[PDB]
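Form deposited in one PDB entry, single chain, as structure tokens, below.
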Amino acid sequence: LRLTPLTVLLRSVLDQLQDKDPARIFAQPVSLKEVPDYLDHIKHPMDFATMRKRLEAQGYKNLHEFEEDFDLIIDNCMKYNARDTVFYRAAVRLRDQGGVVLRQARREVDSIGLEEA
């Protein structure tokens, strides 16, 4: 595979984000069989599986595109599920924990920026 440095970084980000989701709540697209009204509430479903697929096709051109999809995962869960639920709580935990990681990722895109030269 002919991997760009952004992709390598984003994969490390993405793996770390998944590491914080041990229950695999956001690992895969929501099932419509399991949630038939989902698209009444959510305009743009997103999950880590779909992000990895875009990543592995080197379909992120910048960190900003990656963060937008990560935000969707979080925001969709909070819009669909009540504050009272496990899905909502995990999403908050993952948002907080992943903020740390994405903030680290921004520093690192800048760091690589400095290496040249």
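All residue numbers are counted from 1 along the displayed sequence.
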Task: Selected stretch [higher average CA B-factor]: 72-80 or 25-33 - done: 72-80
Task: Greater mean Cα temperature factor according to the PDB record, 81-89 or 38-46 - done: 81-89
Open item on the list: Looking at the temperature factor on the CA atom of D96, which third of the chain's modelled residues does it land in?
Closed with: highest
Task: Third of the chain's Cα B-factor distribution that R103 belongs to, per the entry - done: highest
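Only in words, not in the display: the form deposited with a small molecule bound, which the text now covers.
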- [ ] Heavy atom within 4.5 Å of the small molecule in the entry with it bound: which of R11, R24, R93, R103 fits that? Just give me the one.
- [x] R24
Open item on the list: Even though the partner isn't displayed, in the entry with it bound is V30 close enough to the small molecule, meaning a heavy atom within 4.5 Å?
Closed with: yes
Open item on the list: Test of understanding: in the entry with it bound, would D84 fall inside 4.5 Å of the small molecule by heavy atoms?
Closed with: no
TODO: Determine whether any heavy atom of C77 comes within 4.5 Å of a heavy atom of the small molecule in the entry with it bound, and answer yes or no.
DONE: yes
Open item on the list: My question is simply whether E34 lines the interface with the small molecule in the entry with it bound - judged by any non-hydrogen atom within 4.5 Å.
Closed with: yes
